[PDB]
Amino acid sequence: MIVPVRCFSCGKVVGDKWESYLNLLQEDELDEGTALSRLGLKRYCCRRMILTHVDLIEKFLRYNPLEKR
Amino acid sequence: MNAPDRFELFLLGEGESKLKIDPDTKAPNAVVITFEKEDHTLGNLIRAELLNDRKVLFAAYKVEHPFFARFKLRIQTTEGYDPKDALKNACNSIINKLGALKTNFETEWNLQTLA
Amino acid sequence: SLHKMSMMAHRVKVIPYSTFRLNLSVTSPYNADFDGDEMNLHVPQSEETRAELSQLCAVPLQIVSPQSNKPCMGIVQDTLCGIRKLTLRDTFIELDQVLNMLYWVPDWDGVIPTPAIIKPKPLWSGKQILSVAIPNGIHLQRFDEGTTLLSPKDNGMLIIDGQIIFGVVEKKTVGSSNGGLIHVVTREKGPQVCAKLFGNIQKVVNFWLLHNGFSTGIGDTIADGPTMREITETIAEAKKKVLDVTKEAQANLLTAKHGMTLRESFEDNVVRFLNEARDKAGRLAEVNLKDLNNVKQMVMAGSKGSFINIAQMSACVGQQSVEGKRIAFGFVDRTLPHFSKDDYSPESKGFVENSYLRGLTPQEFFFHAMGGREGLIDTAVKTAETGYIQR
Amino acid sequence: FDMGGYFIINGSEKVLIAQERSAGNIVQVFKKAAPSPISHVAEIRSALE
Amino acid sequence: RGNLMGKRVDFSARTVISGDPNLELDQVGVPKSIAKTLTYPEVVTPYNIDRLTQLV
Amino acid sequence: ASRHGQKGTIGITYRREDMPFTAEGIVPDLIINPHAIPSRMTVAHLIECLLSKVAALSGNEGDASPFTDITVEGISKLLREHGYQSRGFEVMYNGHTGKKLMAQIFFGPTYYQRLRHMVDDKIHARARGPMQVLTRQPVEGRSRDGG
Amino acid sequence: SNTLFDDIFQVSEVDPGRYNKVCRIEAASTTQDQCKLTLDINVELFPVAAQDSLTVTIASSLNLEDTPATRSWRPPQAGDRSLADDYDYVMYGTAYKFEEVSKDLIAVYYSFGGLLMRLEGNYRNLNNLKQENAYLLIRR
Amino acid sequence: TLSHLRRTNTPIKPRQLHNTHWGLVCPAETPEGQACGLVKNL
Amino acid sequence: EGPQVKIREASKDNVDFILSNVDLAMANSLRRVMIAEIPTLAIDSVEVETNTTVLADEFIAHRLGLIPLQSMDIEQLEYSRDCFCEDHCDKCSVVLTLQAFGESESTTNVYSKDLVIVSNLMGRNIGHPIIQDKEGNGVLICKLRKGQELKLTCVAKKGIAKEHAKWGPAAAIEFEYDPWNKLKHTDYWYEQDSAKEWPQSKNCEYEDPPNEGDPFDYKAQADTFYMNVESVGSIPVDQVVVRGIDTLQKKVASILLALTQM
Amino acid sequence: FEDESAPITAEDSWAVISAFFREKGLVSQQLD
Amino acid sequence: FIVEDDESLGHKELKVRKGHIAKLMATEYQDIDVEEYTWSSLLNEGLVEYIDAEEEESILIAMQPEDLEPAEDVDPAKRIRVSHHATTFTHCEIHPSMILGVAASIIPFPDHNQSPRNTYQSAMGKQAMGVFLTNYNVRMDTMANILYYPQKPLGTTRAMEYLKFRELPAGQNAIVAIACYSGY
RNA sequence: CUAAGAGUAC
Ligand SMILES: [Mg+2]
Ligand SMILES: [Zn+2]
Ligand SMILES: [Zn+2]
């Protein structure tokens, strides 16, 4: 849905490393592993936390809001 | 639903104490002390520091059930040595070692420059 | 609830969670797993029903089943494996772990046994510590295959006055077998003492296994290079023999065994050769497996698995059979449109020469799917028919 | 991501399971049991679309 | 067969089962809710007046 | 349940300190019994755990299609290149005492599903309640406080 | 208290078997031609090699004084004197069989917590061994 | 949802996974209960 | 005199050190206390005023609870359970308020930097969310389309990792001893050779390799534990270790106090 | 690649599958 | 796939070549200017065929092209496969992994499992919990269960990106240890 | 409330 704040196993705060990850993947044309290493995710728990996340919220944000002010 | 509150792990309940001692009749000069709202963290530490004592014949602990935070520690010492005294000495030794470690780690961290 | 042991009187222990909790041993009479099973609880509403329930239907009174005049409960799953690991000769326990394991036995008499080794380091053996759980006054003497009064293989079992003199404690001893520790304890000391023995053994062994650890992984399904080469050579030799039999049948030189047709004898010989091929490959793999192999450890303890599981995971899955015969020609004269007509080679009719470690080819995957489908269908039909017969 | 192929009946999504049946206009011959006086039966479930 | 040989009964519970190596062979773990629901009638006796009074 | 038929309920929940931990402090999210592996022969569970470990370390995605030319040997070699034991074993430490476990634990990420069957929707007890109008027996079903 | 048995053996075979910490040794007595020993020893804790001369003793107790187990084992306090101080490798067990091998030779089986020992010889010097608990003491 | 939208039901040895099911229905996708084999998925 | 420490790597969030001349039990107890016995500040109670987003209210509350908060002076705070106020006061809580609106035609990201402390901290160093990245935006709490609004308030109490893992300031704690397996506390699973198939740890360089001929040292105990503590951000990693030692000492002191008073 | 009429590999067929599922979809039979 | 004699190479080969694959790739990339090439174009120029179980009785199918079309030191870790010692193929499987259904296409390494386990997972992934639709907020269904953080599998199949499984995952990657830890 | 049906758990 949206990037989890903390890695489930260890607890490293990885909710602030999603937009940086996407910018690395897009602007710097880095592959996934090098970007994960760059962000500081050395344990494969955090690496699977950030690597396999699916950003469903974009989909949810396409629909017009039910309550619009 | 039936899952109890987490704070019951470390919070003393009403009408019960942290420590309770029951003499053991299987062997002479032996006690079984139930420690409440504790776990392996204190259990292994206290066990090892009791076994470092020379006059402690037997010292062991068990957590009877993972559901409840409490554990039983049996202590049997030589004649003329109250097992409560063994517990006192083990706790004192643990405190002294931890204080020395805290001082040493503080002095070692103060030595860094890239922090 | 197919028998009286599947309905037993228990004692309530109130717990702060949302599931019924029962001992691992008492699952064996109930045929109960923990993968979503549900169980029922009936409460008597009078002192008379309460009393006769406690005095006739109590779990300890049901340990020895009239079904086969042998105990219906035993040491199972982790504990069983753990106990095999605990009673090995190599297993020596230092003072601190001995003290913990002794305290973990509720009825421990309070005296530390003299260690099996006193100098230069006091070490207790696993048998010495486990003998504390066994009640005082129990004599057992079972002689396994090839054992002597000395035990070069540490097999067999000799318990004298509640002390395990020798023998690895495993399924044959603490399991639900006639003449085992469970049967002897319940017949000599009583059902209550047998239940106490269950509790003590499980407690000590589970503590030891918690602080020793037991795992299993992909490497446990891997045989080294020479063994894989020998397994492939065995499969190739079996396939060559099958090809020779097929030649002798197709050249009409094969004679039908008396009482059956030519095709029946040919299929019998092919299936026998392939079955003994998978058996030989599994035996090679099992011999290759070192004593530290985790799947081998589980099989030896008897807690779970068998030789066939090792054979299928490591050496060869084998021949897939439908209705007791090989995979049938669902298409015209052929099993799949990926095989030419009249192809009776082992791969064309469901033989799975690949282990689960190696993975299955698409055709072998489909044939195994058919075999498993037959298994599920037979399970459903059998449970229905057995229910009707039982009623 | 919704794929369709289903109906909305009274606000509930209803799907029609593909019903399997024997094909029509095909001749099928079956061996019968020994006690029955008929040994083989050839049948067609004829139907015109 | 539906109402005489076998019938639906009160004072019964049903739920998922989990293992517990720290329970005795003859013991069963009962959820606190199920214990709070299923009940036993205990006749008031001079020997159990105090505990049943406290439960009340 | 895994993607391999390894259904099972939560026996118990341990906090992070009580779980066994590797030399890098990683504690498992799940502990499953070894005995489910030999009898059920879910080797794909182990292979996919190894492949997930390699994929998480290397940042790629594990190509776990059925009939590809992906071998356990290649996955093990890639895992060895990443500084871990090739067969996925990791020296773990008991969470109660910190002592090394005498046996090395198979360890790695694995894909699990939470199924619709929760205990909150199946616990059901009835001392007394509504009865059936016809036979004066307890009604049927937990949705009716039945017997 | 006093040694029920004492001799000097030479080890002719050490068999690791399927073990990493225990080996089964066969030893021939260098004094008496009919006494022989089979013994499981923790090689991790007391290494034993082939053709190693081992002084092997069996005692009813370890205290130096004569006898006055049923009493709980207690770790040796500093300065405690026992017969084990004269030996390198001390085990404790119970005898569980007295086999009559021949007219003069008898064999005694001891179980040292699952470490098995079988001592065989003429009864004129093995008679002191009886069906009770014994300590096995070994020095190199 | 996808498996339901591609589900086939056979009214009632039809339970056996036939050879002709290769590539037209799933070799291993069917309920464990009384519907085993009768309910198939494309 | 006592345990000796020699730290290898010192960083803002990671400390890698060696803990020598200490028993295994003490090292593991310190590890466990650091994992789960260090008090920390985190968002505990959530009052939702407005939420027109796509995320559920308790979903956002869950995300907010996982936000690390500065806890340098957390010992100056009090637990709300043993405080004299009715629900929450200044001596036992920190009140934050997250107010966001989707006034931009593109997605607007509600970060944790927009969390604003409402209660007067009385000069302490608590309440502030921990920022680590170079961009300056904290954890991505939520996203807003145009016209979406999200107004909410949070009460933050002090909490330990035992009551909930969101209070855990420890992250992963590497813990190792005897890298060469000289104590024989492990039996290495292997196929052909245990030495080759098991990669040498980085700590193997800090101990002498075994001589391959020396007898097993049965009198050798466990010491020289290589430990690497990571810091989520709530407290500096050196303060993580120091507070772990302090909390373990406090536990043993409480044992002594109860024993003596009874 | 460079050769227009070169034989395809096992990886290429997935492209074909993709094209198929671009036109059919997963429920093409119901709609058809 | 359709296989023809292909006299130029002197051996049986798929009628589809790298040019058609390149055109399909170009069309897909344009969707993600050139002449559009869809599955109907393959069906129209005799590149692919539709075969049912009636016609499938009188055909021979190659399981994979790279190993069964060309006429005849190997890796011991690879599974054993046969060549069938025959060249008379009429069609080719587009991919063997397409024999599985929607639910069984989620299984990682299903050929490394016992078949009843694959059946159990196929019947159990329909009970899996994930995101059934992205517009669940505007649907008033009777029951809905949604994972907080659905994660696409670390071990993912090539057939599960047509099922949009990576877009709508139905599980999480949990760090699993296989150990007899506590007996629970 | 009853009946019918469908799916599902062991
Ligand atoms: Mg079950
Ligand atoms: Zn992590
Ligand atoms: Zn307050």
# chains A, B, ... in the order shown; residues from 1 in each chain; ligands from 1

$ interface_residues --of "chain D" --to "chain K" --cutoff "12 Å" --atoms "only C-alpha atoms" --output "MDAnalysis selection string"
chainID D and resid 1:4 11:13 23 26

$ write_last_selection --atoms "C-alpha atoms" --output "tab-separated table (two decimals), in the first residue's frame"
chain	number	residue	atom	x	y	z
D	1	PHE	CA	-7.32	-4.27	-12.49
D	2	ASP	CA	-10.93	-5.45	-12.43
D	3	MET	CA	-11.40	-7.75	-15.40
D	4	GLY	CA	-15.17	-8.02	-15.84
D	11	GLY	CA	-26.09	-5.47	-6.40
D	12	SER	CA	-24.23	-8.78	-6.05
D	13	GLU	CA	-21.50	-9.93	-8.42
D	23	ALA	CA	-20.48	-33.24	-26.33
D	26	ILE	CA	-20.57	-37.89	-31.06

$ residues_near_ligand --ligand "ligand 2" --cutoff "6 Å" --atoms "only C-alpha atoms (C1' of nucleotides) and all ligand atoms" --output "PyMOL selection string"
chain A and resi 7+9-12+43+45-46

$ interface_residues --of "chain I" --to "chain B" --cutoff "10 Å" --atoms "only C-alpha atoms" --output "PyMOL selection string"
chain I and resi 1-15+17+19-33+37+159-160+162-164+238-239+241-246+248-260+262

$ residues_near_ligand --ligand "ligand 3" --cutoff "8 Å" --atoms "only C-alpha atoms (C1' of nucleotides) and all ligand atoms" --output "ChimeraX atom specification"
/I:78-80,83-93

$ interface_residues --of "chain K" --to "chain J" --cutoff "6 Å" --atoms "only C-alpha atoms" --output "PDB file with C-alpha atoms, in the first residue's frame"
ATOM      1  CA  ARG K  17      11.543 -16.081 -35.476  1.00  0.00           C
ATOM      2  CA  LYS K  18      13.351 -13.122 -33.950  1.00  0.00           C
ATOM      3  CA  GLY K  19      11.697 -10.632 -36.310  1.00  0.00           C
ATOM      4  CA  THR K  38      -0.646  -8.107 -31.790  1.00  0.00           C
ATOM      5  CA  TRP K  39      -1.514 -11.732 -31.081  1.00  0.00           C
ATOM      6  CA  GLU K  66      15.954 -24.818 -27.558  1.00  0.00           C
ATOM      7  CA  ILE K  94       4.714 -21.773 -25.887  1.00  0.00           C
TER       8      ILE K  94
END

$ residues_around --residues "residue 7 of chain L" --least-positions-apart "4" --cutoff "12 Å" --atoms "only C-alpha atoms (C1' of nucleotides)" --output "PyMOL selection string"
(chain H and resi 4+31+33+35+39) or (chain K and resi 123+126-127)

$ residues_around --residues "residue 10 of chain L" --least-positions-apart "4" --cutoff "10 Å" --atoms "only C-alpha atoms (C1' of nucleotides)" --output "PyMOL selection string"
(chain C and resi 32-39) or (chain E and resi 16)

$ select_by_dssp --residues "chain J" --states "helix (DSSP H, G or I)" --output "MDAnalysis selection string"
chainID J and resid 12:23 28:31

$ atom_distance --atom1 "atom CA of residue 176 of chain K" --atom2 "atom CA of residue 38 of chain F"
17.1 Å

$ interface_residues --of "chain F" --to "chain B" --cutoff "10 Å" --atoms "only C-alpha atoms" --output "mmCIF file with N, CA, C and O atoms, in the first residue's frame"
data_model
loop_
_atom_site.group_PDB
_atom_site.id
_atom_site.type_symbol
_atom_site.label_atom_id
_atom_site.label_comp_id
_atom_site.auth_asym_id
_atom_site.auth_seq_id
_atom_site.Cartn_x
_atom_site.Cartn_y
_atom_site.Cartn_z
ATOM 1 N N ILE F 12 2.816 -19.851 19.285
ATOM 2 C CA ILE F 12 3.162 -18.881 20.315
ATOM 3 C C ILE F 12 3.908 -17.740 19.648
ATOM 4 O O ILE F 12 4.461 -17.893 18.561
ATOM 5 N N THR F 13 3.915 -16.583 20.299
ATOM 6 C CA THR F 13 4.622 -15.411 19.807
ATOM 7 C C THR F 13 5.707 -15.020 20.796
ATOM 8 O O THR F 13 5.424 -14.790 21.976
ATOM 9 N N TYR F 14 6.943 -14.941 20.314
ATOM 10 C CA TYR F 14 8.069 -14.483 21.108
ATOM 11 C C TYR F 14 8.475 -13.084 20.671
ATOM 12 O O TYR F 14 8.399 -12.737 19.490
ATOM 13 N N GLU F 17 13.832 -10.351 21.544
ATOM 14 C CA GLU F 17 14.984 -10.806 22.312
ATOM 15 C C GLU F 17 14.993 -12.320 22.478
ATOM 16 O O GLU F 17 16.067 -12.931 22.489
ATOM 17 N N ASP F 18 13.818 -12.945 22.599
ATOM 18 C CA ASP F 18 13.744 -14.382 22.839
ATOM 19 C C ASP F 18 13.990 -15.209 21.587
ATOM 20 O O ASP F 18 14.315 -16.394 21.698
ATOM 21 N N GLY F 95 18.108 -17.254 22.297
ATOM 22 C CA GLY F 95 17.690 -15.949 22.775
ATOM 23 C C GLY F 95 17.587 -15.833 24.280
ATOM 24 O O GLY F 95 17.523 -14.715 24.800
ATOM 25 N N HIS F 96 17.553 -16.956 24.992
ATOM 26 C CA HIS F 96 17.457 -16.914 26.445
ATOM 27 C C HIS F 96 18.813 -16.805 27.123
ATOM 28 O O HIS F 96 18.930 -16.119 28.144
ATOM 29 N N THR F 97 19.840 -17.459 26.585
ATOM 30 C CA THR F 97 21.161 -17.440 27.191
ATOM 31 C C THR F 97 22.241 -16.837 26.312
ATOM 32 O O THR F 97 23.319 -16.530 26.826
ATOM 33 N N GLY F 98 21.994 -16.664 25.016
ATOM 34 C CA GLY F 98 22.993 -16.136 24.115
ATOM 35 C C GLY F 98 24.008 -17.143 23.637
ATOM 36 O O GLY F 98 24.792 -16.826 22.736
ATOM 37 N N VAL F 119 -8.677 -17.433 14.559
ATOM 38 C CA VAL F 119 -9.265 -18.030 15.745
ATOM 39 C C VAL F 119 -10.386 -17.172 16.308
ATOM 40 O O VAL F 119 -11.292 -17.694 16.966
ATOM 41 N N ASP F 120 -10.360 -15.862 16.058
ATOM 42 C CA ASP F 120 -11.407 -14.992 16.573
ATOM 43 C C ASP F 120 -12.768 -15.308 15.973
ATOM 44 O O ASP F 120 -13.790 -15.033 16.608
#

$ decode --residues "segment 50-80 of chain B" --atoms "N, CA, C and O atoms" --output "compact mmCIF listing (two decimals), in the first residue's frame"
# COMPACT_ATOMS: atom_id res chain seq x y z
N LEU B 50 25.44 -16.90 40.45
CA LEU B 50 25.35 -17.80 41.59
C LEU B 50 26.29 -18.98 41.43
O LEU B 50 26.89 -19.44 42.41
N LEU B 51 26.43 -19.49 40.21
CA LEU B 51 27.32 -20.63 39.99
C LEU B 51 28.78 -20.22 40.12
O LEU B 51 29.63 -21.07 40.41
N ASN B 52 29.09 -18.95 39.90
CA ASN B 52 30.46 -18.49 40.15
C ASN B 52 30.81 -18.54 41.63
O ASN B 52 32.00 -18.55 41.97
N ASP B 53 29.82 -18.58 42.52
CA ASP B 53 30.09 -18.72 43.94
C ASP B 53 30.64 -20.11 44.25
O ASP B 53 30.28 -21.10 43.61
N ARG B 54 31.53 -20.17 45.24
CA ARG B 54 32.17 -21.43 45.60
C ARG B 54 31.31 -22.26 46.53
O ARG B 54 31.36 -23.49 46.48
N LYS B 55 30.50 -21.62 47.37
CA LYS B 55 29.73 -22.29 48.40
C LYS B 55 28.30 -22.60 47.97
O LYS B 55 27.50 -23.06 48.79
N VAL B 56 27.95 -22.34 46.71
CA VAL B 56 26.63 -22.68 46.19
C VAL B 56 26.71 -24.07 45.57
O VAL B 56 27.37 -24.27 44.55
N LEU B 57 26.05 -25.04 46.21
CA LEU B 57 26.08 -26.41 45.70
C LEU B 57 25.22 -26.56 44.46
O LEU B 57 25.62 -27.20 43.48
N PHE B 58 24.02 -25.97 44.47
CA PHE B 58 23.09 -26.08 43.36
C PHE B 58 22.44 -24.73 43.12
O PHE B 58 22.06 -24.04 44.07
N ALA B 59 22.29 -24.35 41.86
CA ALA B 59 21.63 -23.10 41.50
C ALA B 59 21.09 -23.25 40.09
O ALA B 59 21.86 -23.45 39.15
N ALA B 60 19.77 -23.15 39.94
CA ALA B 60 19.17 -23.28 38.62
C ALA B 60 17.89 -22.47 38.56
O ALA B 60 17.32 -22.10 39.59
N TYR B 61 17.43 -22.19 37.35
CA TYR B 61 16.21 -21.43 37.17
C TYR B 61 15.41 -22.01 36.01
O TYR B 61 15.97 -22.64 35.11
N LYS B 62 14.11 -21.78 36.04
CA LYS B 62 13.25 -22.19 34.94
C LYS B 62 12.07 -21.24 34.83
O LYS B 62 11.52 -20.79 35.84
N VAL B 63 11.69 -20.93 33.60
CA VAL B 63 10.45 -20.22 33.30
C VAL B 63 9.41 -21.29 33.01
O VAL B 63 9.44 -21.94 31.96
N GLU B 64 8.47 -21.48 33.95
CA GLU B 64 7.56 -22.61 33.85
C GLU B 64 6.65 -22.51 32.64
O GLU B 64 6.20 -23.53 32.12
N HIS B 65 6.37 -21.29 32.17
CA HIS B 65 5.51 -21.13 31.00
C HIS B 65 5.82 -19.83 30.27
O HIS B 65 5.91 -18.77 30.90
N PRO B 66 6.00 -19.88 28.95
CA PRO B 66 6.25 -18.64 28.20
C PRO B 66 5.11 -17.64 28.26
O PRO B 66 5.35 -16.44 28.04
N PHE B 67 3.88 -18.08 28.54
CA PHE B 67 2.76 -17.15 28.58
C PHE B 67 2.93 -16.12 29.68
O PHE B 67 2.65 -14.93 29.48
N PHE B 68 3.40 -16.54 30.85
CA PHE B 68 3.48 -15.69 32.03
C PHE B 68 4.92 -15.30 32.30
O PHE B 68 5.82 -16.14 32.20
N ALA B 69 5.13 -14.03 32.62
CA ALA B 69 6.47 -13.51 32.92
C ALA B 69 6.75 -13.75 34.40
O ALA B 69 6.41 -12.94 35.25
N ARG B 70 7.38 -14.88 34.69
CA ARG B 70 7.82 -15.21 36.04
C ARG B 70 8.71 -16.44 35.94
O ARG B 70 8.58 -17.23 35.01
N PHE B 71 9.62 -16.59 36.91
CA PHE B 71 10.48 -17.76 36.87
C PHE B 71 10.94 -18.16 38.26
O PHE B 71 11.07 -17.32 39.16
N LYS B 72 11.20 -19.45 38.42
CA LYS B 72 11.56 -20.04 39.70
C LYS B 72 13.04 -20.36 39.72
O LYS B 72 13.56 -20.98 38.78
N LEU B 73 13.73 -19.94 40.78
CA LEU B 73 15.16 -20.15 40.93
C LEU B 73 15.41 -20.92 42.21
O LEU B 73 15.09 -20.43 43.30
N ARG B 74 15.97 -22.12 42.09
CA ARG B 74 16.32 -22.95 43.23
C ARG B 74 17.79 -22.77 43.57
O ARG B 74 18.66 -22.85 42.69
N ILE B 75 18.06 -22.53 44.86
CA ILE B 75 19.40 -22.32 45.38
C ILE B 75 19.59 -23.22 46.60
O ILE B 75 18.81 -23.15 47.55
N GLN B 76 20.65 -24.03 46.58
CA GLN B 76 21.05 -24.85 47.71
C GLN B 76 22.53 -24.64 47.96
O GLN B 76 23.35 -24.92 47.08
N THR B 77 22.87 -24.16 49.15
CA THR B 77 24.24 -23.83 49.50
C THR B 77 24.77 -24.84 50.52
O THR B 77 24.06 -25.74 50.97
N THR B 78 26.04 -24.68 50.88
CA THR B 78 26.64 -25.50 51.92
C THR B 78 26.04 -25.14 53.27
O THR B 78 25.44 -24.08 53.45
N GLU B 79 26.22 -26.04 54.23
CA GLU B 79 25.69 -25.80 55.57
C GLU B 79 26.34 -24.58 56.19
O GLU B 79 27.56 -24.38 56.10
N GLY B 80 25.53 -23.75 56.84
CA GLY B 80 26.01 -22.51 57.42
C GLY B 80 26.03 -21.33 56.49
O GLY B 80 26.71 -20.34 56.79
